[PDB]
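Q: sequence isn't available, so here's the structure alone:
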DNA sequence: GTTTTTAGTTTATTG
DNA sequence: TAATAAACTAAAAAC
DNA sequence: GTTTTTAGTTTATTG
DNA sequence: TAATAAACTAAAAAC
DNA sequence: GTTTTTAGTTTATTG
DNA sequence: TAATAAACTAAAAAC
């Protein structure tokens, strides 16, 4: 439970230093390679296929899997050139309505809170964002990696906190084609009514606490065995 | 156009056949390590820290690394002990309005491809879901792994496609334990309106197409330059 | 052994693939024609009477006799007008108690089969039918033709199997208006007692094993000796 | 409206007169063909293939094709050998409980009818059959052909008349070989009860009045238009 | 010349069809009254004693005469009251050994005519009755009249047919007592043998050919001579 | 009840004068045609067809109606000439076995009683016939009318008496010509057993006292009413 | 290729 | 004597 | 084109 | 002296 | 100075 | 089969 990195968002003149904190962390139990004879850890290493010898990662240059399979040498100049990656401060670009954004845009989120002991400006920003209902957007960066992001505030039982989302690039989504789907189909009003009552009978409330990972429960039992 | 997964919605007796296709593809291209000296691709191998000797991935066991350092190879029966492990069909549990589910749980997303023979049933299901406007929370199986997910109706105009979103586990969202905001804060209505005036002056609607990634453009330029 | 068609029950959401099969095949020896003198198989070719010569089957035109025998001019378009042909799935309409159905219209029979690996809904529907003990009336379709048919289950001991029986149209059945049986009838107890005695004397159980198509067996001996 | 047959039930001494009737006459319009360009009704003609010449029907030789299709010479006397064709009385073999027979063996139905002289015996036999509620497996005969058949009573609203339906030879019925269905299947309670509720929702009584052959009505109206 | 009566046996439900033919007819030549003087046959016209007037068949009413001498007109409606009187078919009540019924009660004989289409039941009834050899006592109704009768199997060298014999009512037979034979009679064995030897000496089997109507023969000869 | 006549039975030299008593008499109610309005008996006179005039029996000469219809005159001399009819006694002609005589042959009977006060001969003949069972046949005559007859022994409930039978002439029996039944037939042993068992079920004891003339019983009851 | 089902003829039987 | 059932081909469809 | 009831003769022998 | 129990007759309907 | 937490690969299996 | 599980490693800031 430690901050990933510092954050300074420059909203006009008034900049709020905000510290980010991970909102999630894998529930699954993480294992590592253990040879039965060894009963010890196993680690990979960069072994050159043409050379046939172990090499260090620094010597090796990352290459994209080109269709031609030709050689590529990663150069830090490309990434270093961009100023967004260098800028450790948070960047505010626009506010967009919550209804405008759809489920897809959300990928990952983290909490947000102000570094300074004065949570005033943060409180006003969160409250005005809630009133306007225009989720703010940020070209967020981390470890010299920029990425579009969005802001939202949620009221927990004890308190309310503003927080961020990891926003996928809209170009990335690939709309599908289902030629069979577009074929015309008719619906029977009686069949419609039957479907409605069936779903209502199956319909119920929301029970997040009831949902559980049977696989993770088995993992918990296994670790109890260990 | 690549069918990642196939099956059928095993909801009760509905068993509407469906094919699953990955909804979104990452713009970035996976990288394979290469050494400028070697002038070719590179493939790693595995050596222990106590063997000091290369051991193929097959002989290595999947054992947890506990704090005590004890490591026990994972039992295969326990791996497959889940009754739903075999499943090759998406299974439904419940239905609920969308507002009930919290967006944070959303992790990944796939599209659902129906079949002509059952096209009537799928279309009717989509219509009833749209009318009731009530999301559906459904178990999910994929390459011998279970994952919790929900599905909803999405419209591409006259084309409307049902889709599934992988949902993060309930316990995954960790609450914040923060004293910094536990201190009481007072808000001035004058400053509230002063901030809101700008908040609404610079406000604009969603423009997903307008935004572009400079990093991907630089990557494409590098790819062109190297070939 | 071969399938007739391959459709899928269509009851609202329920869509369980089915591979219908021919319940009963007529094993009676079918008897070809051969010219006695030529000893060659015969072939039917059609000579139009008023024409005076043969006519191709496609050219042959279809007409109607209205009791008076007068012909009628017809076109394929009107036949195509009806939409029943498009039905290539077994639409379901309504269920009925097994007792209600009458045993004089079970014209022909057809089994069902599971095609998709998802047999679960199949067996679930079969068990629901068996428990409720209500037949299902299904608008069976076949070869651009529709025959109102019953849907029912008959546990074969080894494994429950769902069956569909093609039902004669209720309009087809005729309720004979006999003028004789209405006449008043009187019976004394002695004759009824005698009838019960004789019936119980002849009473026994169905014996499928002891039943053989004597004619078919003898003609099979014939066919063998030749 | 005309009888198809006459005879008597040759069981024991009962020998009640019977006037068999056609249970179900197919009202569906059978649709003759006439050559269009001339408007002349077409007649077939039997022609020898090698000869390419018409042949009398009697001169035709009935033949059978072996598993390889090879012909088989066959003579009338051999068919005449079997005597059961002669029997012109509906003998009786046994009486069986009504529920014993499956609802799939019998396809075609046939009514029965007495002659004024001995209507009393007919009615008494019908009443005894109704009371005992056990069918009669009658070794029906017809048109030099013998067909196993069942005998029961279907009391009409006003009168009770015994009926006979031709019964498929239990040899003809084919059992199913369903290796796929042999696969073990599983069921859960909630889905089962939901499906039962749905079925009960669909529950309803037989409605012969509302049931019609849409195609027959439409085509009949069409021909009415033509005339 | 034709059948006297027709109708199927009404045995329970057995109801074997049959028709009745007069077994025997008088051999004597029937005579018709005539007057030699006027060369004309004679009709009979009936009148009362007080009327002295011609009264036709219709205007003549039936009546009964009592010992007191009073007269009661017969009511035709009550005559046919009993259900059996309206029967148009022979009916059987019970069976009995042949010897049980006395030979005294035998008025008339009749033959039975089988039915071609149902002759099997008729023949089988004949055979079973012959095997058991138990003459069946059966009611009998014809010409609006009722009579007792029994049916017996009689076999001709080439034919075997049941035959119904009119049975005299038991009430008709009467047994007046005679004191003449009430006197005790004693006959010695010597006289017994003396009589029996002659009795067996002149005794011979039936000679039906020898027995014949001599008077009818003479009358027929005279008639032929006149004709 | 009085003897019809006193016919003496002649055999060799020993003759037993024996009276004849009617062994039967119809119990039907007696009816005389009576005019309703008159309520008196009805008598008929015999009227000439051509003459239209009443003719008495004495004036009437009997003749037979041949197919021509012409008179066939008959004289009483021919009937009177027969010695048998003149005789007022009964003469035995042959002794025939009782099993020999068929139930057809006799159609009416009359009790036979001894006229002589000494019934020695009568009882002796009765015993001889009973032991020998050689039915005594006689050319019996009544009213100058001769008919073949047989004389039988019956043991009454107290004693044993002799009665005569009216034997129809052997020519009278008409052998039927029924070619239909001459056609052959097969019998099923199972059906044979069923028929035999049915007969046994219906088989019972002789019940002469039961059989009552329901028609004549109704007539008697009506007379009792009137 | 293959079976199976459907649409009409003929052809013959029963009354 | 026309209604009806039985044998049959051809043809068309579904797989 | 019958063949069997049936009242009324008609008789004939009987207590 | 009167009775009545059996043949002849046609009347009449039935089939 | 040490840790965790995450992005980047980077294999490796599987519909 | 490329997507996805499983794991290695870079770095990265946090106290």
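A: Done, it's in. Numbering: from 1, shown residues only, chains lettered A, B, ... in the order given.

Q: residues in contact with the residue nearest to residue A:123 when sequence neighbours are not counted?
A: Among residues not flanking residue A:123 along the chain, residue B:185 sits closest, at 4.6 Å (C-beta to C-beta, 6 or more residues apart in numbering or on different chains). Quick note: C-beta positions are derived from backbone N, CA and C, even for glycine. Going by C-beta atoms under 8 Å, 6 or more residues apart in numbering or on different chains, residue B:185 touches A:119-120, A:123.

Q: tell me which residue in chain A sits closest to DNA strand H.
A: Nearest to DNA strand H in chain A, going by C-beta to the nearest atom of the strand, is residue A:180, at a distance of 15.9 Å.

Q: mind checking how far that residue is from DNA strand J?
A: Applying C-beta to the nearest atom of the strand, to the nearest Å, the value for residue A:180 to DNA strand J is 81 Å.

Q: same question, residue A:150
A: The value you get for residue A:150 to DNA strand J, if C-beta to the nearest atom of the strand is used, is 109 Å.

Q: is that residue in a helix, a strand, or coil?
A: For residue A:150, the assignment made with DSSP: H, G, I helix; E, B strand; the rest coil gives strand.

Q: what does residue A:72 show for phi and psi?
A: For residue A:72, the backbone dihedrals (degrees, to the nearest 10) come out as phi -140, psi 140.

Q: helix, strand, or coil at whatever residue of chain A ends up closest to DNA strand G?
A: Distances between chain A and DNA strand G by C-beta to the nearest atom of the strand are smallest at residue A:180, namely 24.2 Å. With three-state DSSP as the basis, residue A:180 sits in coil.

Q: all the helices of chain A, residue numbers only.
A: A:76-81, A:83-86, A:120-132, A:189-202, A:214-225 (DSSP state H).

Q: what angle sits between the longest one and strand B:92-97?
A: Helix A:189-202 and strand B:92-97 are oriented at 100 degrees to each other (axes from the mean of the first three to the mean of the last three C-alpha atoms, to 10 degrees).

Q: now helix A:189-202, how far from the centre of its chain.
A: For helix A:189-202, the separation from the chain centroid amounts to 37 Å (computed by C-alpha atoms, centre = their mean, to the nearest Å).

Q: same check, this time on the second one
A: Mean C-alpha position of helix A:83-86 versus that of the full chain (C-alpha atoms, centre = their mean) differs by 20 Å.

Q: got the domain boundaries for chain A?
A: As given by automatic domain parsing, the domain ranges for chain A are A:8-26+A:79-167, A:189-225.

Q: close to DNA strand K, is the longest one?
A: To tie it back to what came earlier, the one meant is domain A:8-26+A:79-167. Yes. Judged by C-beta under 7 Å from any atom of the strand, domain A:8-26+A:79-167 comes into contact with DNA strand K through A:22, A:24-26, A:108, A:142-143, A:145, A:166.

Q: which members of these occur in strands, if any?
A: Counting by DSSP state E, the residues of domain A:8-26+A:79-167 next to DNA strand K place A:22, A:108, A:142, A:145, A:166 in strands.

Q: just the closest residue of chain A to DNA strand J, please.
A: DNA strand J sits closest to residue A:190 of chain A, with a gap of 66.0 Å, by C-beta to the nearest atom of the strand.

Q: what does chain A put close to DNA strand L?
A: A:2-6, A:19, A:28, A:30-33, A:41-45, A:57, A:88, A:143-144.

Q: let's see 6 Å
A: Neighbours of DNA strand L within chain A, by C-beta under 6 Å from any atom of the strand: A:2-3, A:5-6, A:19, A:28, A:30-33, A:41-44, A:57, A:143-144.

Q: list the ones among these that fall in strands.
A: Cross-referencing the residues of chain A next to DNA strand L against strands under DSSP E gives A:19, A:31-33, A:42-44.

Q: spatially, which two of the residues you listed are the most separated?
A: Among those, the pair separated by the greatest distance (C-beta to C-beta) is A:19 and A:42, at 36.8 Å.

Q: quick one: furthest residue from the center of chain A?
A: residue A:190 (43.7 Å; C-alpha atoms, centre = their mean).

Q: tell me how far that residue lies from DNA strand K.
A: Going from residue A:190 to DNA strand K by C-beta to the nearest atom of the strand gives 37 Å.

Q: of all the ones in strands among the residues of chain A next to DNA strand L, which comes closest to chain E?
A: residue A:31 (87.8 Å; C-beta to the nearest C-beta).

Q: identify the bridge partners of the residue most central in space within chain A.
A: Among the residues of chain A, the one closest to the centroid is residue A:108, at 2.3 Å (C-alpha atoms, centre = their mean). Beta bridges link residue A:108 to residue A:166, judged by DSSP bridges.
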